[PDB]
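Examination of the molecular architecture
If you want the building blocks of each chain, they are given just below.
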Amino acid sequence: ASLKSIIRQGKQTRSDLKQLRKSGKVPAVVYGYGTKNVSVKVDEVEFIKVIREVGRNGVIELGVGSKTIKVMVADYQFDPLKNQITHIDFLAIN
Amino acid sequence: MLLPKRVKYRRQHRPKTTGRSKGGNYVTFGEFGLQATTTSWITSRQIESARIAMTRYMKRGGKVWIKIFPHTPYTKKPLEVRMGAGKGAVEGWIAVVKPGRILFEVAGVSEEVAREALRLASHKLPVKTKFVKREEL
Amino acid sequence: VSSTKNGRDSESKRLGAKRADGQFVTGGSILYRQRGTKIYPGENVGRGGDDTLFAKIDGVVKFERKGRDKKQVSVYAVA
Amino acid sequence: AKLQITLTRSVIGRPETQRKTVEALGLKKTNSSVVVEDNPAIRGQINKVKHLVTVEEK
RNA sequence: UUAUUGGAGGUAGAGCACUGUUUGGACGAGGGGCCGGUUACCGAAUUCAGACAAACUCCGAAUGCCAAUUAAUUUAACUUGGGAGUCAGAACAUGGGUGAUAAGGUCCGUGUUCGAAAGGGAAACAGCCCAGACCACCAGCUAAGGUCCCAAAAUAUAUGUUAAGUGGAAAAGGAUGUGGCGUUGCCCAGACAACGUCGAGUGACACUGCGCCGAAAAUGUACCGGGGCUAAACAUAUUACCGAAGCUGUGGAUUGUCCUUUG
RNA sequence: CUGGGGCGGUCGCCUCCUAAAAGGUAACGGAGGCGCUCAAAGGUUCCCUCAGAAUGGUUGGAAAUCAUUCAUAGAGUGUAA
RNA sequence: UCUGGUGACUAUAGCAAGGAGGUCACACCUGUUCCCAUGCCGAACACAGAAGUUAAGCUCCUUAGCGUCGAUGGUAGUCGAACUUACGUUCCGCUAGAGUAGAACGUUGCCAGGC
Ligand SMILES: [Mg+2]
Ligand SMILES: [Mg+2]
Ligand SMILES: [Mg+2]
Ligand SMILES: [Mg+2]
Ligand SMILES: [Mg+2]
Ligand SMILES: [Mg+2]
Ligand SMILES: [Mg+2]
Ligand SMILES: [Mg+2]
Ligand SMILES: [Mg+2]
Ligand SMILES: [Mg+2]
Ligand SMILES: [Mg+2]
Ligand SMILES: [Mg+2]
Ligand SMILES: [Mg+2]
Ligand SMILES: [Mg+2]
Ligand SMILES: [Mg+2]
Ligand SMILES: [Mg+2]
Ligand SMILES: [Mg+2]
Ligand SMILES: [Mg+2]
Ligand SMILES: [Mg+2]
Ligand SMILES: [Mg+2]
Ligand SMILES: [Mg+2]
Ligand SMILES: [Mg+2]
Ligand SMILES: [Mg+2]
Ligand SMILES: [Mg+2]
Ligand SMILES: [Mg+2]
Ligand SMILES: [Mg+2]
Ligand SMILES: [Mg+2]
Ligand SMILES: [Mg+2]
Ligand SMILES: [Mg+2]
Ligand SMILES: [Mg+2]
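Cut-offs used in this document
- Residues numbered from 1 in each chain as written, not as in the entry; some residues may be left out.
- Chains lettered and ligands numbered in written order.
- Part of a larger assembly, values for the part shown.
- Heavy atoms only, no water.
- Residues with missing side-chain atoms left out of burial classes, pairs and counts.
- Helix = DSSP H or I, 4+ residues; strand = E, 2+ residues; numbered from the N terminus.
- Contact = heavy atoms within 4.5 Å.
- Near = heavy atom within 4 Å.
- Polar contact = N/O pair within 3.5 Å; in protein donor to acceptor, adjacent residues only side chain to side chain.
- Pairing = 2+ DSSP bridges.
- Buried < 20%, exposed > 50% of the residue type's maximum accessible area, 1.4 Å probe, protein only.
- Arc of directions from axis to C-beta.
- Nonpolar A, V, L, I, M, F, W, Y, C, P; charged D, E, K, R; others polar.
- Core = buried A, V, L, I, M, F, W, Y, C linked by side-chain atoms within 4.5 Å.

Structure determination for this PDB entry is given in the record as cryo-EM, at a resolution of 2.65 Å.

All right, on to the overall build of chain B then. Per the secondary structure count, chain B includes 2 helices and 7 strands. Counting only C-alpha atoms, chain B reaches 55 × 30 × 25 Å along its principal axes. Within chain B, contacts between residues at least 6 apart in sequence are counted, and of these 82% link residues at least 24 apart.

For the rest of this paragraph, the subject is the protein's contact with RNA strand G. By nearness alone, 24 residues border RNA strand G, and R14, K18, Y31 and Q77 of chain A together with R68 of chain C come closest of all. Backbone sugar and phosphate groups make up 64% of those atoms of RNA strand G lying within 4 Å of the protein. Between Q18 of chain D and RNA strand G, the recorded distance is 3.5 Å, taken from a side-chain N or O atom to a phosphate oxygen. If one sorts the elements of the surface near RNA strand G by residue count, helix α1 (residues 15-21) of chain A sits on top with 4 residues.

Take the sheet that holds strand β6 (residues 53-55) of chain C next. Residues and elements named next belong to chain C. Strand order in the open sheet formed by 4 strands is β1-β3-β6-β5, and the pairing between neighbours is antiparallel. Two strands lie at the open edges of the sheet, namely β1 (16-17) and β5 (45-47), each paired on one side alone. Both strand β3 (residues 30-33) and β6 contribute to a ladder of 2 bridges, which runs antiparallel. Considered in β6, the bridge of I30 is made with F54.

Turning our attention to the environment of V97 of chain B. All names here are of chain B. By the element assignment, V97 lies in strand β5 (residues 90-97). Given the relative accessible area of 0%, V97 is considered buried. In this structure, the C-alpha to C-alpha distance between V97 and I42, residues 55 residues apart in sequence, is 7.6 Å. Sequence-distant contacts of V97, that is, excluding residues within four places in its chain, are made with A36, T39, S40, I42, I68 and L103.

A few words now on helix α2 (residues 44-54) of chain A. Residues and elements named next belong to chain A. All buried positions along α2 are accounted for by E44, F47, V50 and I51. Projection of α2 onto a plane perpendicular to its axis shows the buried side chains occupying an angular sector of 125 degrees, all on one side. Summarising the geometry of α2, the exposed residues directed more than 90 degrees from the buried face are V45, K49, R52 and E53. Residues of α2 that are buried make contact with β2 (25-32), β3 (38-43), β4 (60-64), β5 (67-79) and β6 (84-92).

Each partner contributes residues to the interface: chain A has 9 residues there, and chain B has 7 residues. At the level of secondary structure, the elements contributing two or more residues to the side of chain A that touches chain B comprise α2 and β5 of chain A. A class-by-class count of the residues in the side of chain A that touches chain B yields 6 nonpolar, no polar and 3 charged.

Formed by 21 residues in total, the largest nonpolar core has its most connected members in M54, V97, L103, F104, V106, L118 and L125 of chain B. Of all elements in the fold, only β1 (32-36), α1 (46-57), β5, β6 (102-106) and α2 (111-122) of chain B reach the threshold of two or more residues within this core. For this core, the leading source of residues is α2 of chain B, giving 4 residues. Counting 19 residues, the second largest nonpolar core, distinct from the first, contains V26, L62, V64 and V71 of chain A.

Attention now goes to the protein's contact with RNA strand E. Lining the immediate environment of RNA strand E, one finds 51 residues, of which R14, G24 and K87 of chain B, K71 of chain C together with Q45 of chain D sit closest. Among all atoms of RNA strand E positioned within 4 Å of the protein, those belonging to sugar or phosphate total 69%. Interatomic distance of 3.0 Å between a backbone N/O atom of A24 of chain D and a sugar or linking oxygen of RNA strand E. Secondary-structure elements contributing two or more residues to the surface near RNA strand E are α1 (16-25) and α2 (40-48) of chain D.

What follows is about unusual backbone geometry. The backbone phi angle of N94 of chain A is positive, close to 40 degrees, even though this residue is not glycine. The residue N94 of chain A is located in the segment after β6 in this model. Phi is positive for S44 of chain B, close to 65 degrees, though the residue is something other than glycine. With respect to the helices and strands, the residue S44 of chain B is situated in the loop between β2 (40-42) and α1. With a relative accessible area of 9%, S44 of chain B lands in the buried category.

Next up, the structure:
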């Protein structure tokens, strides 16, 4: 429940999104209680291992910059061909 | 032998073929399934041959679903005719698949039986296929 | 021997809008040409016998919504 | 400030929508230049035809 | 022509709220097994989930269209009159009908070129890529494409793949062919083979790059243009050069616009 | 006219689709209608608001008709869309 | 501010549910003598009334249950460009529908009365 994130900068183009997915990274956003919209980056391999040990519906304490937020998972877009996760939405709860 | 009982227009334009699957690309009714990898038409004789070869291998065990129905009629003009004196009579009924679409779903059987039953069906369709599970996570 | 029984069509009628939003018009000019009432008349706009919308006075023309999903035309005075 | 624009690719084989923009800039033959000042309406015409011209900051 | 504003309209895509089509599962009412009813079966209704549409739409782009601004850059536009020729069109790319998701087919829309256009490249080759010839010159810079010899310019630098002359004409399928990247099994307690020995690695799955078989036609090698090539192939980066009637340089001709010394 | 010509079929007008979100746009491309009617089915002034479904109720052809609750027009609108 | 009359605004304004409110306004309510009225019915409409009542309409609170509104981020599609003939790829602009967080149990002009 200790996953790490990296804040994306402004205005990702088309190229640097697919260049980000040819690494092991996946784009993401966080929103909800007490926060603002922050768009982030998560490793794919690390994200699967956290889900497979806390379940589909569990609490993740991930860190954005300095602070850490208790975060649940809202939805995710999946590519059924070539079977990789392509977007993940995060929801803060408190 | 699948065909609709009544259609408003018997003579129709042919469907658009390029692109990706609009929807219906996750297994929902069963445990295992067969998804497509290239693009083709399926002409309602192929899914009769494929459903029979599906069924006799499983010895009437678990259930089998078909996610494809042939909705669109296509025509053909008779033998040795000049071009253009109207549009010919109907010939058969097709359904269009694009890469992603699930074709059959099976359930109620072990996994290695499901791989072999779907492999026998896949040699009767004109499209490259692939064996898939029920996705989670 | 084969033949067909479809060759008929009507002549097309040049429907649609005839003046643009923000344009100055003269006091009798046709604004919109339609079957039925896709657009209602508003201020200083008459509605003809064959549902043609036309201007009463001369001025500038404004298209504008009416309710949730209704549209109207008005003509306002000063130019 | 000022910009120098140079017609580097020729204009034949191109659509007439792009030929009329090149004339509006004031370019006549290939490798011919013009000096104008920077302006958001001038950047729009450079944006349209940017695969045919070369801009330097004068 | 562009920037900024405003507006008309229902395509692409999506979707099932109407019209039609359709797959499973439930719910119960009816007939309906029976001995009137059970249960099975039937059709209809209502719901849960999931799919289809040129003549379906609760939604809805990009672009194109109409206009207005003491906006900015450009140079056309319109009216009247005199004089014509044209009404067999073609290929390419793209959006669609027809046809067999056949034709160098046929019919519409949108662009380019040919027609009526030489020059360079594509071996040769109206329609493909570059590019629009006033005339001299034994002067220079470049485009597309190229730099072993034919034939002008790198047997150039650096990293890797391929062993099939692949390159230098094709599929479903099949396969211990070889590289790269991941997940996960059994590990020196002795596996994994072969028969206590053997003493270190051993399997599966998944995604991928190049290649192999599948591959039979008629005058003579016989689709690399030829020689020839294991790079002179392929992929990725860098620096140089060749290369046109394109652009510069020098001189000259004709016409026009300015200034005007009609120079 | 004609994917040679003949045989066959068609020749004027209206509405949809093709038609590529202005308008326009072809083919022996796909679907249908017209060659009228109305003395009120016209004008004006006042009133009214449906089909359908559900539930009850002699005739109940199941539904004719009656009451009740909902019901965006699904009704109806002389005649195709 | 409270009540009423009357206008403006894409239901964020609606629908449902729960609770309070009244002889000042409003309404149920009393009656068919008169104007007027019902394909029959003083139900409706019209008139004459003020005994009764806050039960209902109405108004004020409470709720996000249905409907409505709705970003950010990602994706589909696409103008332009560059490779190519593959049911294509790459770059750059624009940017959906669905879904999620959330909004929301109206806002406001004029007059009269009651404060
Ligand atoms: Mg779906
Ligand atoms: Mg579509
Ligand atoms: Mg179509
Ligand atoms: Mg449509
Ligand atoms: Mg003619
Ligand atoms: Mg002609
Ligand atoms: Mg041709
Ligand atoms: Mg063709
Ligand atoms: Mg054309
Ligand atoms: Mg000629
Ligand atoms: Mg020309
Ligand atoms: Mg030439
Ligand atoms: Mg040559
Ligand atoms: Mg050739
Ligand atoms: Mg020639
Ligand atoms: Mg040089
Ligand atoms: Mg070059
Ligand atoms: Mg030679
Ligand atoms: Mg040489
Ligand atoms: Mg070969
Ligand atoms: Mg091959
Ligand atoms: Mg072979
Ligand atoms: Mg031979
Ligand atoms: Mg040879
Ligand atoms: Mg020259
Ligand atoms: Mg258009
Ligand atoms: Mg149009
Ligand atoms: Mg007829
Ligand atoms: Mg009474
Ligand atoms: Mg949206």
